[PDB]
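Novice: My questions all concern the structure below.
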Amino acid sequence: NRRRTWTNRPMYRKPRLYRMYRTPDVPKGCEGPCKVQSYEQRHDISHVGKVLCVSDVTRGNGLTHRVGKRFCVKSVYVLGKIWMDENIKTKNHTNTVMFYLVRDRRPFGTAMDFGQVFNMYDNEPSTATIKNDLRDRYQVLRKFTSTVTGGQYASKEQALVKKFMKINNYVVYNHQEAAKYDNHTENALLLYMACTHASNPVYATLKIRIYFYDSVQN
Amino acid sequence: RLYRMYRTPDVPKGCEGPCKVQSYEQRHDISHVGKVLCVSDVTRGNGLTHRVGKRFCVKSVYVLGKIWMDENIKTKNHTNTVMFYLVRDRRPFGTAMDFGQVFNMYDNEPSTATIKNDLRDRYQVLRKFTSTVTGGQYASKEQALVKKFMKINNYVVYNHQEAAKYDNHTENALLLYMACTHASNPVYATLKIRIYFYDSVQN
Amino acid sequence: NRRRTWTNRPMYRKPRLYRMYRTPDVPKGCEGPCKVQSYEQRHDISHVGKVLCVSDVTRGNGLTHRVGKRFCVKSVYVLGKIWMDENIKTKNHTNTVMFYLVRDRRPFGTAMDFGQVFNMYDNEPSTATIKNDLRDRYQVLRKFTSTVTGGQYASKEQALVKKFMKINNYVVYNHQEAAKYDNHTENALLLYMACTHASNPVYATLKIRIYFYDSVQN
Amino acid sequence: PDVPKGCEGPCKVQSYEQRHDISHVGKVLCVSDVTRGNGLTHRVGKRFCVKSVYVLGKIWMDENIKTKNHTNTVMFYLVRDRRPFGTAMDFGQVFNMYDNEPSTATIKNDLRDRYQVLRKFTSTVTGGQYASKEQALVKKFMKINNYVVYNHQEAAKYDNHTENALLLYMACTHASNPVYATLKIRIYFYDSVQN
Amino acid sequence: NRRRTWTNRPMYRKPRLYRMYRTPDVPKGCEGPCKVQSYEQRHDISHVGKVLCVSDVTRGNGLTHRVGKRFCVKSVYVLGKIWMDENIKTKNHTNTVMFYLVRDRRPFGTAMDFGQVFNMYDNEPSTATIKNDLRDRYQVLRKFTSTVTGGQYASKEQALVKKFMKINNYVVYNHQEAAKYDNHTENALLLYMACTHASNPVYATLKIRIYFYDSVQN
Amino acid sequence: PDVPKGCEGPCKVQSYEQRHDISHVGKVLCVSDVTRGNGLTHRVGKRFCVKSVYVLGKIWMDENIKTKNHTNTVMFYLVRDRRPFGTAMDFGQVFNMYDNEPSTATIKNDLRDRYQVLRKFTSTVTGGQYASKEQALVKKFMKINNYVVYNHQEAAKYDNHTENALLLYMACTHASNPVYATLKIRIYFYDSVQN
DNA sequence: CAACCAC
DNA sequence: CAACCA
DNA sequence: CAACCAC
DNA sequence: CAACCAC
DNA sequence: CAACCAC
DNA sequence: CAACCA
DNA sequence: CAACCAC
DNA sequence: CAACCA
DNA sequence: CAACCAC
């Protein structure tokens with residue numbers, strides 16, 4: 001019944017039920033089924049830092065597709081593992097991976113890059129807050145850490161990241177669809193990752209999942 | 001008066017109109033895990049090489065091209081065969097399932113491949129065909145030609161929606177599954193997969 | 001009933017009835033309703049001669065549109081008037097307009113032009129047959145004349161052309177649709193007009209109508 | 001049914017383009033003139049069958065003549081010589097007639113057996129100062145299975161003929177004023193197998 | 001419909017349809033759906049030879065289960081690959097793998113073993129026929145070969161075995177079910193494999209599939 | 001049974017003995033190039049029927065190329081275009097294909113009505129340093145009964161064709177290195193009676 | 001067909 | 001009969 | 001039908 | 001059959 | 001035959 | 001045709 | 001089918 | 001509770 | 001929630 005109605009739907013549009021009615025699940029303005037979108041990747045983290053846009057969703061009929069240019073992201077579910085490489089783990093040290101889920105109210109360009117948005121002493125991600133000028137544009141919705149420790153004879157090779165986070169965030173795109181950061185006219189959810197230890201890196205195998213609904217507004 | 005339309009020979013039953021072609025020209029990078037592509041992918045529209053309704057009958061598939069080895073791989077002495085399977089998925093959904101999770105087999109070996117015991121009602125193998133290629137330092141068989149015409153009366157039903165996507169197919173979707181017999185090194189397959197179809201008289 | 005079924009038809013295709021069944025009106029192979037196409041124009045005729053393609057039909061869903069690249073023209077209905085201009089009609093002379101409805105089995109280019117296909121002595125349209133070499137390519141399906149006579153005090157200012165002609169002719173286009181002579185892959189119906197008198201011209205207000213059906217073949 | 005009896009090969013065409021200047025005395029031209037050779041539109045042997053003649057074109061009045069009020073029909077006679085010899089014989093000395101009048105033209109008594117009139121047809125043109133019929137269109141196709149023969153030599157001439165030979169004789173009905181005739185005469189023939 | 005009837009069947013017995021009726025597919029005596037049974041394995045072949053029983057099927061309600069002690073094997077489908085190991089393939093030689101699908105009308109013990117049934121000169125599998133005395137007991141239903149060639153610079157590493165073979169063979173078990181060669185009271189299908197080259201071995205990754213029906217007789 | 005319909009006379013031959021140096025790009029040659037004339041091997045009229053083609057010879061690798069460890073098939077396509085204009089088109093602009101690969105080659109979508117592939121045959125050559133297959137023997141007889149037409153002109157050229165015209169397209173399957181093809185293409189034809 | 005003449 | 005429509 | 005060309 | 005040649 | 005196009 | 005499934 | 005054995 | 005599915 | 005910024 002769940003699956004049938006979506007396949008047997010009228011050509012270009014959602015099933016009638018969705019159009020009609022509203023679950024308590026869906027936020028204000030927006031309608032339709034809770035569409036998912038996933039970013040599965042092994043991110044190689046550094047001291048300088050890494051970025052990715054997690055609102056990157058293309059436009060289309062089906063599921064995992066925005067319909068219009070506007071849509072509301074209701075929640076983000078980051079899950080996976082951060083870990084040390086087999087040659088690095090021998091060396092005795094510790095590193096926390098700093099995750100910052102930020103929003104930029106006025107986005108453009110390809111990517112902002114870490115340390116060109118976060119102000120910090122000696123390029124240190126633990127002392128990181130938004131820059132004086134960009135403070136208006138960028139806001140940190142969530143931040144969360146994850147520790148990993150190397151050692152010759154005894155090591156903590158890996159750490160499991162599992163973090164659900166609800167953030168009712170409305171985003172607006174261009175007319176053209178590419179599922180790219182460049183296309184976002186309104187705010188776009190960015191995940192910024194940074195390794196606390198200066199020299200050696202850490203890996204982060206992550207599924208970043210994002211849950212969203214299509215906007216009726218405008 | 002109204003005479004019934006004498007449907008010409010060499011069009012399928014319940015189908016009429018001109019035979020429409022659809023091509024999927026590509027260099028496929030074949031592996032041991034196995035590659036897939038849907039060959040019933042055709043969009044809905046008034047243009048040529050589009051379907052009109054949701055129903056149409058593929059009458060024949062024509063696979064032609066070449067399997068070949070890279071310049072660094074061809075020096076290494078081995079043999080490997082590409083195993084083509086043209087399978088029908090009767091009741092499809094979602095993304096097209098990978099070669100590993102449709103066919104069951106010992107040690108992910110495509111030569112021992114048959115359809116999984118569980119989902120045997122769903123998938124059927126219409127045609128299978130091999131193609132062997134041999135590496136060698138001084139004397140290699142670098143490449144192998146593929147030329148394979150196969151007549152299959154396959155009636156696909158589509159989603160209401162217009163799109164040339166696999167998710168749309170309601171039933172009898174056509175998948176071409178490919179897999180290399182040798183585990184380590186890969187093989188290239190430059191292929192034109194052509195498909196010859198007729199639109200259904202119904203709807 | 002006639003009109004309703006065509007408007008209420010399924011989206012991209014003809015009404016079911018046409019698909020099913022075949023009238024005695026429609027030729028072999030082809031199906032569907034008898035689609036018309038009109039070329040209404042005032043042609044200014046000369047001694048050198050004028051050309052137009054009358055199989056120029058674009059591609060589309062509706063009526064006056066070919067569906068596929070192939071279609072069968074069943075009949076041509078040329079109707080209208082040839083006439084003399086108010087300053088020319090004073091002068092005493094006679095001119096017949098020579099109409100040639102020809103078919104070129106292997107067409108290309110923009111237009112062949114008159115006297116580059118018809119061989120004739122002293123550029124004279126009355127002595128006109130197809131050239132020695134092009135004889136294989138071009139065939140004259142119909143030819144027909146129409147006389148007009150000038151005079152100071154007594155004139156025959158105008159003459160009424162009315163000519164229906166059935167010619168079951170199959171034509172094939174490119175994939176692209178422009179309703180242009182250039183697009184015809186197979187034979188295209190050309191109308192060639194020429195004034196018999198050398199010096200002064202004559203006008204020809206013509207509706208050239210063409211009746212055709214869409215091909216099931218190939 | 002296409003190719004005639006005793007002859008074979010493709011239907012070869014032969015054309016004659018000319019502005020014939022017509023008179024009351026009468027003009028002649030041999031339409032069976034075709035040369036011998038391996039090329040196209042040539043005869044191969046000395047014998048061939050002319051299946052059909054296609055005369056098409058215009059008969060017209062000159063600009064200084066058309067002002068003068070009169071009428072003239074041009075009489076076209078397509079005739080067969082069964083015994084050609086020397087040069088082509090003139091209109092006046094083949095046909096007999098009252099006072100050189102082409103409308104009364106029939107073949108002379110003595111050589112009535114030699115020449116036969118296969119087809120005759122008229123074409124009228126009328127002058128006039130303020131209103132005129134300057135021109136008229138000729139378009140006569142006629143089928144006449146005519147087997148002709150030539151000498152051992154070749155030049156597409158009336159002198160080289162023997163047995164049958166097709167002459168077109170043209171004559172203007174009005175005495176004083178001349179008229180022009182732009183004519184494509186097109187003969188369709190097949191090479192003989194017999195003899 | 002196919003799948004539903006088998007799951008919704010009455011407790012201990014086959015669907016009613018099977019009980020009632022008989023397809024042309026099923027052999028004489030026996031009834032019911034065509035039950036499969038698979039033996040997927042990497043067999044390590046030698047000059048001395050290897051054996052396996054391919055009628056090894058246990059007893060039970062479901063599919064891939066015999067119901068009674070008797071059943072008819074209709075066909076065997078051997079498919080897979082024979083191949084040379086990465087260190088062996090360097091050496092220049094050739095070996096054919098000899099497959100013998102034999103039947104022993106009066107089976108007992110754990111396994112008969114190769115060369116204790118096949119008579120051959122100098123333990124050579126190519127010269128192999130059934131022994132003088134056992135000739136009555138054992139019969140070779142099919143034999144088939146497969147060649148593989150080693151070489152330093154140019155090798156034929158592997159060869160694809162694909163062999164369907166229809167052999168309407170009735171077999172009878174003990175009351176107890178173990179899917180073992182020991183349990184066969186009547187004839188049991190045995191596959192005997194042997195490498196033709198004396199010294200080095202070859203591998204054989206094989207799915208041996210067997211298709212059978214349950215007996216109504218006795 | 002020997003002479004085709006609408007045709008006459010002796011079965012005239014025409015040969016194209018040549019060493020064709022083949023590439024990945026694709027070579028072409030028109031096999032119905034026959035001159036007009038009274039002589040033997042010439043056509044007489046503008047029309048004739050090619051009954052059968054007999055391709056025979058050898059594809060082979062050069063002495064410096066054969067040492068290099070590789071393989072290539074030579075793809076022969078005997079195509080016919082219903083409409084010939086100007087010079088003969090190159091292999092790439094008739095057949096559409098991925099990466100200019102002749103093993104994927106079918107006729108372009110537009111000119112599919114125009115060009116038809118009558119016969120398609122291959123031949124492999126495998127070069128290696130210490131062991132090789134330098135050459136392969138091509139032998140292929142094939143009946144077709146292709147009626148072709150020409151201009152009034154008399155020259156064995158693709159430009160002079162009208163209606164059907166037999167083109168042999170040849171393409172090496174390997175990208176970089178070339179191969180030779182010593183070939184006798186022998187066309188068997190009869191002169192046409194029709195038209 | 002043209003008009004006593006012939007195919 | 002007129003010209004794809006009854 | 002138009003005129004050796006083709007459907 | 002091998003290829004317009006013949007038996 | 002080759003592969004929706006033709007003879 | 002592939003291999004008990006349509 | 002494989003090879004005097006059997007179904 | 002797990003993570004848009006019951 | 002994260003940290004003067006915004007929803």
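Following the order of the structure tokens, first chain is A, next is B, and so on, with residues numbered from 1 inside each chain and ligands from 1 in the order they appear.
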List as a VMD selection string the protein and nucleic acid residues near segment 1-5 of chain H, meaning an atom at most 9 Å away when only C-alpha atoms (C1' of nucleotides) are counted, but skip any in the same chain fewer than 2 places from it.
Specialist: chain C and resid 25 33 to 36 77 164 211
Novice: Can you pull out every residue from chain E that DSSP, working from the backbone, puts in strand (DSSP E), and format the result as number ranges by chain?
Specialist: E: 31-45, 50-53, 70-83, 93-104, 118-119, 129-130, 138-150, 158-172, 188-195, 202-214
Novice: List the neighbours of segment 27-32 of chain D out to 9 Å using only C-alpha atoms (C1' of nucleotides); skip same-chain residues closer than 6 positions along the sequence, and give me the result as a list in words.
Specialist: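 Counting only the stated atoms, we get residues 14, 15, 16, 20, 21, 50, 53, 88, 89, 90, 91, 148, 156, 157, 158, 161, 165, 166, 167, 168, 169, 170, 171, 185, 186 and 187 of chain D.
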Novice: Mind dumping the selected residues with C-alpha atoms as a tab-separated table (two decimals), in the first residue's frame?
Specialist:
chain	number	residue	atom	x	y	z
D	14	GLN	CA	16.75	11.58	-79.82
D	15	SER	CA	15.83	15.28	-79.58
D	16	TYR	CA	15.65	18.27	-81.95
D	20	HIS	CA	11.61	26.94	-86.86
D	21	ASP	CA	10.75	29.99	-88.99
D	50	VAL	CA	10.92	4.34	-83.99
D	53	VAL	CA	7.33	10.82	-81.60
D	88	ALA	CA	14.90	16.04	-98.60
D	89	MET	CA	12.07	16.90	-100.99
D	90	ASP	CA	10.37	20.31	-100.59
D	91	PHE	CA	6.76	20.79	-99.36
D	148	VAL	CA	13.75	2.50	-90.58
D	156	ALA	CA	22.35	11.16	-89.13
D	157	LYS	CA	21.23	12.55	-92.52
D	158	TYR	CA	18.33	12.07	-94.93
D	161	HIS	CA	18.44	6.75	-95.11
D	165	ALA	CA	12.10	7.80	-93.18
D	166	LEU	CA	10.12	10.25	-91.02
D	167	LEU	CA	9.77	13.81	-92.30
D	168	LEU	CA	7.94	16.57	-90.43
D	169	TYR	CA	6.49	19.09	-92.91
D	170	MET	CA	5.30	22.42	-91.49
D	171	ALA	CA	3.31	25.07	-93.37
D	185	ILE	CA	10.69	17.13	-81.38
D	186	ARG	CA	11.60	13.99	-79.41
D	187	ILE	CA	11.82	10.57	-81.09
Novice: Using only C-alpha atoms (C1' of nucleotides), which residues sit within 10 Å of segment 165-171 of chain A once same-chain residues fewer than 2 positions away are excluded, as a PyMOL selection string?
Specialist: (chain A and resi 27-30+55+69-78+101+103+105+141-142+163+173+184-189+210-215) or (chain O and resi 1+7)
Novice: Next, the residues of the selection above should be written as a short mmCIF file (atom, residue, chain, number, x, y, z; two decimals), in the first residue's frame with N, CA and C atoms (P, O5', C5', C4', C3', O3' and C1' of nucleotides).
Specialist:
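Everything below was put into selection.cif:
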data_model
loop_
_atom_site.label_atom_id
_atom_site.label_comp_id
_atom_site.auth_asym_id
_atom_site.auth_seq_id
_atom_site.Cartn_x
_atom_site.Cartn_y
_atom_site.Cartn_z
N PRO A 27 6.84 19.36 8.42
CA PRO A 27 6.82 20.72 8.99
C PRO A 27 5.82 21.68 8.35
N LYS A 28 5.81 22.93 8.83
CA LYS A 28 4.93 23.98 8.31
C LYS A 28 5.29 24.35 6.88
N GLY A 29 4.27 24.74 6.11
CA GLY A 29 4.45 25.14 4.72
C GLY A 29 4.61 23.96 3.79
N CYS A 30 5.73 23.25 3.92
CA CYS A 30 6.04 22.08 3.10
C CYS A 30 5.05 20.91 3.24
N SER A 55 23.16 19.61 1.87
CA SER A 55 21.87 19.91 1.24
C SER A 55 21.87 19.68 -0.28
N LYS A 69 12.15 24.64 -6.32
CA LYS A 69 13.42 25.23 -5.90
C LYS A 69 13.56 25.31 -4.38
N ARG A 70 12.43 25.42 -3.66
CA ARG A 70 12.42 25.47 -2.19
C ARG A 70 12.18 24.10 -1.57
N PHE A 71 12.84 23.83 -0.44
CA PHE A 71 12.47 22.68 0.40
C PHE A 71 12.99 22.80 1.83
N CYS A 72 12.33 22.10 2.75
CA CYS A 72 12.71 22.11 4.17
C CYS A 72 13.41 20.83 4.59
N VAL A 73 14.67 20.96 5.00
CA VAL A 73 15.40 19.89 5.67
C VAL A 73 14.95 19.86 7.12
N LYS A 74 14.38 18.73 7.55
CA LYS A 74 13.91 18.61 8.93
C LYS A 74 14.99 18.08 9.87
N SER A 75 15.74 17.08 9.42
CA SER A 75 16.76 16.45 10.26
C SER A 75 17.94 15.87 9.48
N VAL A 76 19.07 15.81 10.18
CA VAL A 76 20.32 15.24 9.67
C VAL A 76 20.73 14.09 10.59
N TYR A 77 21.12 12.97 9.99
CA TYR A 77 21.59 11.79 10.71
C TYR A 77 22.97 11.44 10.20
N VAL A 78 23.99 11.83 10.97
CA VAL A 78 25.38 11.51 10.66
C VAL A 78 25.69 10.20 11.35
N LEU A 101 28.41 21.31 12.05
CA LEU A 101 27.31 21.44 11.08
C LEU A 101 26.87 22.90 11.08
N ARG A 103 25.40 26.53 8.89
CA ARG A 103 24.46 27.04 7.91
C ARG A 103 25.00 28.39 7.48
N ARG A 105 23.62 31.62 5.58
CA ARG A 105 22.39 32.24 5.09
C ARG A 105 22.45 32.83 3.68
N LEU A 141 25.08 25.27 13.71
CA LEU A 141 23.84 24.66 14.20
C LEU A 141 24.13 23.61 15.27
N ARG A 142 25.06 22.72 14.96
CA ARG A 142 25.61 21.76 15.92
C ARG A 142 27.12 21.69 15.77
N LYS A 163 25.08 10.22 15.33
CA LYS A 163 24.55 11.51 15.74
C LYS A 163 23.36 11.90 14.88
N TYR A 173 16.95 26.92 -4.06
CA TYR A 173 17.90 26.65 -5.14
C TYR A 173 17.68 27.60 -6.33
N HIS A 184 22.75 26.73 -4.67
CA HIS A 184 21.92 27.18 -3.55
C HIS A 184 21.84 28.70 -3.53
N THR A 185 20.63 29.21 -3.75
CA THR A 185 20.33 30.63 -3.66
C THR A 185 20.21 31.03 -2.20
N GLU A 186 19.41 30.28 -1.44
CA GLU A 186 19.30 30.51 0.02
C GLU A 186 20.29 29.60 0.73
N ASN A 187 20.37 29.74 2.06
CA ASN A 187 21.19 28.89 2.94
C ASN A 187 21.33 27.40 2.60
N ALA A 188 22.54 26.89 2.81
CA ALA A 188 22.87 25.51 2.52
C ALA A 188 23.58 24.92 3.73
N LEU A 189 23.19 23.71 4.12
CA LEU A 189 23.83 23.03 5.24
C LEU A 189 25.20 22.51 4.85
N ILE A 210 20.25 12.93 5.19
CA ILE A 210 19.47 14.15 5.37
C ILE A 210 18.02 13.90 4.97
N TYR A 211 17.11 14.38 5.83
CA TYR A 211 15.67 14.13 5.70
C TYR A 211 14.94 15.43 5.41
N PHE A 212 14.20 15.48 4.30
CA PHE A 212 13.60 16.73 3.85
C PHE A 212 12.23 16.58 3.19
N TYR A 213 11.54 17.72 3.10
CA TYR A 213 10.18 17.81 2.56
C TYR A 213 10.09 18.98 1.59
N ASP A 214 9.24 18.85 0.58
CA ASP A 214 9.12 19.85 -0.48
C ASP A 214 8.16 20.98 -0.11
N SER A 215 8.56 22.21 -0.43
CA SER A 215 7.86 23.42 0.00
C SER A 215 6.68 23.78 -0.90
P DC O 1 20.16 21.80 23.47
"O5'" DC O 1 21.59 22.08 22.83
"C5'" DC O 1 22.00 21.46 21.59
"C4'" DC O 1 22.02 22.48 20.48
"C3'" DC O 1 23.18 23.47 20.54
"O3'" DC O 1 24.25 23.06 19.67
"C1'" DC O 1 21.08 24.53 19.91
P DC O 7 17.05 34.08 10.41
"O5'" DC O 7 16.48 32.62 10.09
"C5'" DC O 7 16.96 31.44 10.77
"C4'" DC O 7 15.83 30.62 11.34
"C3'" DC O 7 14.56 31.39 11.71
"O3'" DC O 7 13.59 31.31 10.66
"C1'" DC O 7 15.32 30.11 13.59
#
Novice: Residues within 8 Å of residue 5 of chain G, please, as a VMD selection string. Count only C-alpha atoms (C1' of nucleotides); anything in the same chain fewer than 3 positions from it doesn't count.
Specialist: chain D and resid 112 to 113 116
Novice: Output N, CA and C atoms of each residue in that selection to a file, as a PDB file, in the first residue's frame.
Specialist:
ATOM      1  N   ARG D 112       2.256   9.086-104.642  1.00  0.00           N
ATOM      2  CA  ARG D 112       1.291   8.835-103.572  1.00  0.00           C
ATOM      3  C   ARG D 112       1.644   7.565-102.806  1.00  0.00           C
ATOM      4  N   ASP D 113       2.259   6.621-103.511  1.00  0.00           N
ATOM      5  CA  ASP D 113       2.741   5.371-102.930  1.00  0.00           C
ATOM      6  C   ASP D 113       4.007   5.575-102.073  1.00  0.00           C
ATOM      7  N   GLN D 116       3.603   8.644 -97.211  1.00  0.00           N
ATOM      8  CA  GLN D 116       2.320   8.459 -96.497  1.00  0.00           C
ATOM      9  C   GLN D 116       2.200   9.440 -95.339  1.00  0.00           C
TER      10      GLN D 116
END
Novice: List as a PDB file with C-alpha atoms, in the first residue's frame the protein and nucleic acid residues near residue 2 of chain K, meaning an atom at most 8 Å away when only C-alpha atoms (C1' of nucleotides) are counted, but skip any in the same chain fewer than 3 places from it.
Specialist:
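Output file result-v4.pdb follows:
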ATOM      1  CA  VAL F 117      25.032  -2.935 -45.484  1.00  0.00           C
ATOM      2  CA  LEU F 118      24.798  -5.944 -47.830  1.00  0.00           C
ATOM      3  CA  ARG F 119      27.673  -8.020 -46.400  1.00  0.00           C
ATOM      4  CA  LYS F 120      29.848  -7.721 -43.308  1.00  0.00           C
TER       5      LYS F 120
END
